[PDB]
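Enquirer: Quick one: this structure, given as structure tokens, is what I'll be asking you about.
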Amino acid sequence: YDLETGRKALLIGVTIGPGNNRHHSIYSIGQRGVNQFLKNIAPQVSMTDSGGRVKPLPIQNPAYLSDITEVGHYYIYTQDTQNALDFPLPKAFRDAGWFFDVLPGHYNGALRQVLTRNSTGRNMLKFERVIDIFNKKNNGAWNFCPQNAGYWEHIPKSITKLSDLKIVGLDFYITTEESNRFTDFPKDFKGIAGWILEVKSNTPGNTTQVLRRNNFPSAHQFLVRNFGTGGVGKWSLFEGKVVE
Amino acid sequence: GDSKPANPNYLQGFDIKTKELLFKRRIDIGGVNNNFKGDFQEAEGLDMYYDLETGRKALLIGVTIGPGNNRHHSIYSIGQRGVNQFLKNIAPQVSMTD
Amino acid sequence: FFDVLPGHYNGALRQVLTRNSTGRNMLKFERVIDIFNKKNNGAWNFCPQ
Amino acid sequence: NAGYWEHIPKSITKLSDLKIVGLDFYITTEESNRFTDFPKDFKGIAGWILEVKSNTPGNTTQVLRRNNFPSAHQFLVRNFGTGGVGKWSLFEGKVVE
Amino acid sequence: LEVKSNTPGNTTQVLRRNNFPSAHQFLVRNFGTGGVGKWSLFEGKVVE
Amino acid sequence: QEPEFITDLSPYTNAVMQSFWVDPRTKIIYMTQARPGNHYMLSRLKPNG
Amino acid sequence: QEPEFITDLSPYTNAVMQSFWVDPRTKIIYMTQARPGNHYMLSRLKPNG
């Protein structure tokens, strides 16, 4: 019953799709103007707003990104991602902006949350998770998608142990000063020419970290260290034999 | 309109020749039920589209309902019959697939 | 398959490009571009796939 | 990946069917004995992370790295599929402080 | 052949043999801004 | 008369929608939807669903 | 005469829009935002946005 013009429209619900997967809509056999008005009260929820641009956040700076339960693309500025807490990559790592996409999950109350850094010069990086809107306790962890371009990825001097770097697939570069700064390094090789590392997969609570040496003139080596609650170990070098 | 939904906006029309008040109304433009994206109903002006084909004037208003740096830019209209339909059907919104 | 995705409120936009081939790996690349300052566009990241 | 371990089912008694490239699995000591192509000498001594990688069309490379914390680190390699069957090549590391 | 990231210009190239019966080999190099790079080899012990 | 589309709903539940009702003043759709057992759920949805 | 949505705007500027005109002769929008400085910018754009 159109409150304004006194018009009236007859609406009908129809529910289609197979047994589990269902999709239910509202049609009208109503009056002049009313069907149009109802269709145009507010827009259909698309991946982006009408016009090529990111949608806005539903809320101000959110502590918990899981508060966002609207599909579409979004954007998180530096200040907002620094204020947040549910977001991966600790506060010292947080410096840049992040495109925050939200994709539909399933019908029992789930959604996705993809999140790519706005890295221009550095290597962009993507996380993604599944959230449950109602029972936030079931919010799974942020699976990291290895994507790389060729650039390094600094780790700030605030971190003072290689155990903080628990994220898999990443490649942090290390210099001589950094090896001398950190503590967990092999003392025999602590402060020698710098190099890159790489984290690898393992069980929860622990991780195996591989750590290579960069060698233009010299011979190569790469160490490996398994550590965590299940157990802690020392490194195990792998020496190389030069050949031409 | 204020920059927050607590102080409700107002559109007031009135004759210029007589310097009176014909009417004023509150209108919830943007998020329905006063539930905007965050809390920022910063209002914005409005104009009168006159289609040259039919000659039917149509008022249309701009609003922003976006929180913080993220700004939304939504458009509403009080036009007559045949103008809003036409304005939407000029060209379609963007979409990943045609 | 080349798809453009929204960036942020300045002139930014994400790009993704996934090769089309059934008989081989469908590698994908990813980047960001700035429409105004073309020089400010990032490089081509890569996922294994 | 986020730091979890995909279990191997109990309806598989071979390492050859795990042809899923880029994927990692974990084997415990107790379940590292029900296999066949597993190295017999290293059968049931510690935890073993297998990771798969690509090769010629119809061939895959499996890499079994031990997760032993105190002692040295071992990892075995084999490329199998078309032609012959990959032989378990071992690589040992030197414990260093 | 496989590639691993490094400082810009610099990058590591790993190369792994493909032999089923014989011993496995893999040789790694780092080339770019720092220099050309020398291939360091690692050979495996055939075990069962 | 011939029907036509108005809006498709989107309540986060996997079941058969039993009925609905629009509010002409607030334009929320209240959708009543059964659940397995002797219970059901009411859901307030936007005009677009 | 309760309002009706028309369209949504997608300018490349992170500032609150301040005026909004439509061109009946070409169906193009002119949208003026005030930049952080005194200066301002008007974006000309498509009917959809």
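Here's how to read the names in the structure tokens: chain A, B, ... by the order shown, residue numbers from 1 in each chain, ligand numbers from 1 in the order shown.
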Do you know which residues are at most 8 Å from residue 219 in chain A counting only C-alpha atoms, after dropping those on the same chain fewer than 2 positions away, and could you put them as a ChimeraX atom specification?

Expert: /A:215,217,221,239-242 /E:38-40

Enquirer: As a list in words, please: every residue in chain C that DSSP puts in strand (DSSP E).

Expert: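 Of chain C, the ones in strand (DSSP E) are residues 2, 3, 4, 5, 6, 12, 13, 14, 15, 16, 17, 18, 28, 29, 30, 31, 32, 33, 34, 45, 46 and 47 of chain C.
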
Enquirer: Export C-alpha atoms of the chosen residues as a PDB file, in the first residue's frame?

Expert:
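What ended up in out.pdb:
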ATOM      1  CA  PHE C   2      42.406  -9.442 -18.281  1.00  0.00           C
ATOM      2  CA  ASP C   3      40.281  -7.891 -15.555  1.00  0.00           C
ATOM      3  CA  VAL C   4      40.348  -4.457 -13.966  1.00  0.00           C
ATOM      4  CA  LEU C   5      39.246  -4.024 -10.371  1.00  0.00           C
ATOM      5  CA  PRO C   6      38.593  -0.853  -8.376  1.00  0.00           C
ATOM      6  CA  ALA C  12      44.170   3.920  -8.903  1.00  0.00           C
ATOM      7  CA  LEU C  13      43.025   0.593 -10.293  1.00  0.00           C
ATOM      8  CA  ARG C  14      44.081  -3.018  -9.909  1.00  0.00           C
ATOM      9  CA  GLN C  15      44.768  -5.251 -12.900  1.00  0.00           C
ATOM     10  CA  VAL C  16      44.948  -9.024 -13.215  1.00  0.00           C
ATOM     11  CA  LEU C  17      45.880 -11.089 -16.279  1.00  0.00           C
ATOM     12  CA  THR C  18      45.441 -14.864 -16.447  1.00  0.00           C
ATOM     13  CA  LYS C  28      48.381 -15.136 -13.680  1.00  0.00           C
ATOM     14  CA  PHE C  29      49.966 -11.749 -13.105  1.00  0.00           C
ATOM     15  CA  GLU C  30      48.740  -8.861 -11.005  1.00  0.00           C
ATOM     16  CA  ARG C  31      49.522  -5.188 -10.581  1.00  0.00           C
ATOM     17  CA  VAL C  32      48.261  -1.698  -9.804  1.00  0.00           C
ATOM     18  CA  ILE C  33      48.085   1.262 -12.168  1.00  0.00           C
ATOM     19  CA  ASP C  34      47.540   4.986 -11.761  1.00  0.00           C
ATOM     20  CA  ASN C  45      53.528  -9.507  -9.623  1.00  0.00           C
ATOM     21  CA  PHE C  46      53.128 -13.221 -10.298  1.00  0.00           C
ATOM     22  CA  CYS C  47      51.301 -16.114  -8.653  1.00  0.00           C
TER      23      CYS C  47
END

Enquirer: Can you list, as a PyMOL selection string, every protein, DNA or RNA residue that comes within 8 Å of range 132-149 of chain A when you count only C-alpha atoms, leaving out same-chain residues fewer than 6 positions away?

Expert: (chain A and resi 66-67+69+88+109-111+122-126+167-170) or (chain C and resi 43-48) or (chain D and resi 1-2) or (chain E and resi 5)

Enquirer: I'd like to know which of B:77, B:54, B:34, B:93 is closest to chain F, using only C-alpha atoms.

Expert: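 That would be B:34, the residue with the smallest distance to chain F.
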
Enquirer: Can you pull out every residue within 6 Å of residue 18 in chain G, counting only C-alpha atoms, but drop anything in the same chain fewer than 6 positions away, and send it as a list in words?

Expert: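 After dropping sequence-adjacent residues, the list is residues 44 of chain B; 32 and 33 of chain G.
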
Enquirer: Distance table requested - chain D against chain E, cut-off 6 Å, only C-alpha atoms: one row per qualifying residue with the closest atom pair and its distance in Å to one decimal, ordered by chain and rising residue number, as a tab-separated table.

Expert:
residue	atom	partner	partner_atom	distance
D:39	CA	E:48	CA	4.9
D:85	CA	E:20	CA	5.7
D:86	CA	E:20	CA	4.0
D:87	CA	E:20	CA	5.5
D:88	CA	E:47	CA	5.5
D:89	CA	E:46	CA	4.6
D:90	CA	E:45	CA	4.9
D:91	CA	E:44	CA	5.3

Enquirer: Applying 12 Å and only C-alpha atoms, which residues near residue 31 in chain B remain after dropping the ones on its own chain fewer than 2 positions away? List them as a ChimeraX atom specification.

Expert: /A:41-43,58 /B:5,27-29,33-41,63-67,72-76 /F:26-28,46-48 /G:5

Enquirer: If the cut-off is 10 Å, can you tell me the residues of chain C near chain D, counting only C-alpha atoms? I'd like them as a list in words.

Expert: residues 23, 24, 48 and 49 of chain C

Enquirer: With only C-alpha atoms considered, list every residue of chain A at most 6 Å from chain G, as a VMD selection string.

Expert: chain A and resid 40 to 42 50 to 53

Enquirer: How would the residues just chosen look if you wrote them out with N, CA, C and O atoms as a PDB file, in the first residue's frame?

Expert:
ATOM      1  N   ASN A  40      13.268   1.115  -7.321  1.00  0.00           N
ATOM      2  CA  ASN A  40      14.213   2.226  -7.288  1.00  0.00           C
ATOM      3  C   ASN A  40      14.286   2.936  -5.940  1.00  0.00           C
ATOM      4  O   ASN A  40      14.744   4.079  -5.881  1.00  0.00           O
ATOM      5  N   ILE A  41      13.838   2.303  -4.857  1.00  0.00           N
ATOM      6  CA  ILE A  41      14.090   2.874  -3.534  1.00  0.00           C
ATOM      7  C   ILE A  41      15.587   2.955  -3.287  1.00  0.00           C
ATOM      8  O   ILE A  41      16.104   3.959  -2.784  1.00  0.00           O
ATOM      9  N   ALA A  42      16.296   1.886  -3.614  1.00  0.00           N
ATOM     10  CA  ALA A  42      17.722   1.781  -3.364  1.00  0.00           C
ATOM     11  C   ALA A  42      18.302   0.810  -4.380  1.00  0.00           C
ATOM     12  O   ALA A  42      17.568   0.000  -4.957  1.00  0.00           O
ATOM     13  N   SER A  50      27.357   1.913  -8.759  1.00  0.00           N
ATOM     14  CA  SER A  50      27.129   2.357 -10.126  1.00  0.00           C
ATOM     15  C   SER A  50      28.170   3.407 -10.467  1.00  0.00           C
ATOM     16  O   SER A  50      28.137   4.518  -9.934  1.00  0.00           O
ATOM     17  N   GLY A  51      29.090   3.049 -11.353  1.00  0.00           N
ATOM     18  CA  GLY A  51      30.266   3.848 -11.616  1.00  0.00           C
ATOM     19  C   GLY A  51      31.512   3.092 -11.223  1.00  0.00           C
ATOM     20  O   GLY A  51      31.500   2.338 -10.248  1.00  0.00           O
ATOM     21  N   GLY A  52      32.598   3.291 -11.956  1.00  0.00           N
ATOM     22  CA  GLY A  52      33.804   2.553 -11.668  1.00  0.00           C
ATOM     23  C   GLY A  52      34.577   3.211 -10.552  1.00  0.00           C
ATOM     24  O   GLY A  52      35.328   4.168 -10.766  1.00  0.00           O
ATOM     25  N   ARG A  53      34.385   2.692  -9.347  1.00  0.00           N
ATOM     26  CA  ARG A  53      35.054   3.164  -8.148  1.00  0.00           C
ATOM     27  C   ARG A  53      34.711   2.198  -7.035  1.00  0.00           C
ATOM     28  O   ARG A  53      33.680   1.524  -7.076  1.00  0.00           O
TER      29      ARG A  53
END

Enquirer: Neighbouring residues of residue 29 in chain F were defined as those with any atom within 6 Å, considering only C-alpha atoms; residues of the same chain fewer than 3 positions away were excluded. Please report them as an MDAnalysis selection string.

Expert: chainID F and resid 21:22 44:45

Enquirer: Pull N, CA and C atoms from the residues just selected and write them as a compact mmCIF listing (two decimals), in the first residue's frame.

Expert:
# COMPACT_ATOMS: atom_id res chain seq x y z
N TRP F 21 6.82 -9.51 4.00
CA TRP F 21 5.95 -8.36 4.13
C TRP F 21 6.79 -7.10 4.09
N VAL F 22 6.42 -6.18 3.25
CA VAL F 22 7.12 -4.91 3.10
C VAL F 22 6.51 -3.91 4.06
N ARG F 44 14.99 -8.92 8.83
CA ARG F 44 14.82 -7.58 8.29
C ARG F 44 15.86 -7.36 7.22
N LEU F 45 15.40 -7.13 6.00
CA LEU F 45 16.25 -6.95 4.84
C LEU F 45 15.95 -5.62 4.17

Enquirer: Show which residues sit within 9 Å of residue 95 in chain A, as number ranges by chain. Count only C-alpha atoms, and ignore same-chain residues fewer than 4 positions away.

Expert: A: 78-79, 81-82, 91

Enquirer: Measuring between only C-alpha atoms, which one of A:151, A:108, A:222, A:94 shows the shortest distance to residue 8 in chain E?

Expert: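 Among the listed residues, A:151 lies closest to residue 8 in chain E.
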
Enquirer: Tell me, counting only C-alpha atoms, for each residue of chain D within 12 Å of chain A, which pair of atoms is nearest and how far apart they are in Å to one decimal, in rows ordered by chain and increasing number, as a Markdown table.

Expert:
| residue | atom | partner | partner_atom | distance |
| --- | --- | --- | --- | --- |
| D:1 | CA | A:143 | CA | 4.9 |
| D:2 | CA | A:143 | CA | 4.6 |
| D:3 | CA | A:204 | CA | 5.3 |
| D:4 | CA | A:203 | CA | 5.2 |
| D:5 | CA | A:203 | CA | 5.2 |
| D:6 | CA | A:203 | CA | 8.9 |
| D:7 | CA | A:203 | CA | 10.3 |
| D:22 | CA | A:146 | CA | 11.2 |
| D:23 | CA | A:201 | CA | 9.8 |
| D:24 | CA | A:201 | CA | 7.3 |
| D:25 | CA | A:202 | CA | 8.6 |
| D:26 | CA | A:202 | CA | 7.5 |
| D:27 | CA | A:203 | CA | 10.1 |
| D:28 | CA | A:203 | CA | 10.4 |
| D:47 | CA | A:203 | CA | 9.9 |
| D:48 | CA | A:202 | CA | 9.6 |
| D:49 | CA | A:202 | CA | 7.3 |
| D:50 | CA | A:201 | CA | 9.9 |
| D:51 | CA | A:201 | CA | 9.2 |
| D:65 | CA | A:208 | CA | 9.9 |
| D:66 | CA | A:226 | CA | 9.5 |
| D:67 | CA | A:226 | CA | 6.4 |
| D:68 | CA | A:226 | CA | 7.3 |
| D:69 | CA | A:233 | CA | 4.0 |
| D:70 | CA | A:233 | CA | 4.8 |
| D:71 | CA | A:233 | CA | 7.6 |
| D:72 | CA | A:236 | CA | 5.5 |
| D:73 | CA | A:236 | CA | 5.6 |
| D:74 | CA | A:236 | CA | 8.8 |
| D:75 | CA | A:224 | CA | 10.8 |
| D:91 | CA | A:238 | CA | 8.3 |
| D:92 | CA | A:238 | CA | 7.2 |
| D:93 | CA | A:238 | CA | 4.9 |
| D:94 | CA | A:237 | CA | 5.0 |
| D:95 | CA | A:236 | CA | 4.5 |
| D:96 | CA | A:236 | CA | 5.9 |
| D:97 | CA | A:186 | CA | 5.3 |

Enquirer: Counting only C-alpha atoms, collect the residues of chain B whose closest atom lies at most 12 Å from chain C, and write them out as a PyMOL selection string.

Expert: chain B and resi 69-73+94-97

Enquirer: Mind dumping the selected residues with N, CA, C and O atoms as a short mmCIF file (atom, residue, chain, number, x, y, z; two decimals), in the first residue's frame?

Expert:
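Listing of result_12.cif after writing:
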data_model
loop_
_atom_site.label_atom_id
_atom_site.label_comp_id
_atom_site.auth_asym_id
_atom_site.auth_seq_id
_atom_site.Cartn_x
_atom_site.Cartn_y
_atom_site.Cartn_z
N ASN B 69 37.08 8.97 5.40
CA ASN B 69 37.62 9.29 4.09
C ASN B 69 36.79 8.65 2.99
O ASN B 69 36.66 9.22 1.90
N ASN B 70 36.25 7.46 3.23
CA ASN B 70 35.41 6.80 2.24
C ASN B 70 34.10 7.56 2.09
O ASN B 70 33.25 7.52 2.99
N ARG B 71 33.93 8.23 0.95
CA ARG B 71 32.73 9.01 0.67
C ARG B 71 31.90 8.32 -0.40
O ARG B 71 32.42 7.89 -1.43
N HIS B 72 30.60 8.21 -0.14
CA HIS B 72 29.61 7.78 -1.10
C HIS B 72 29.01 9.01 -1.77
O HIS B 72 29.09 10.12 -1.25
N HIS B 73 28.41 8.79 -2.93
CA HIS B 73 27.85 9.90 -3.71
C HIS B 73 26.58 9.40 -4.39
O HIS B 73 26.63 8.92 -5.52
N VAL B 94 27.94 0.21 -14.20
CA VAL B 94 29.06 -0.67 -14.48
C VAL B 94 28.81 -2.04 -13.88
O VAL B 94 28.05 -2.21 -12.92
N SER B 95 29.47 -3.03 -14.45
CA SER B 95 29.36 -4.39 -13.96
C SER B 95 30.50 -5.20 -14.55
O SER B 95 31.03 -4.87 -15.61
N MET B 96 30.87 -6.26 -13.84
CA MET B 96 31.98 -7.09 -14.28
C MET B 96 31.69 -7.73 -15.62
O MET B 96 32.60 -7.89 -16.44
N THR B 97 30.44 -8.10 -15.86
CA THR B 97 29.99 -8.66 -17.11
C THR B 97 28.90 -7.76 -17.67
O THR B 97 28.25 -7.02 -16.93
#
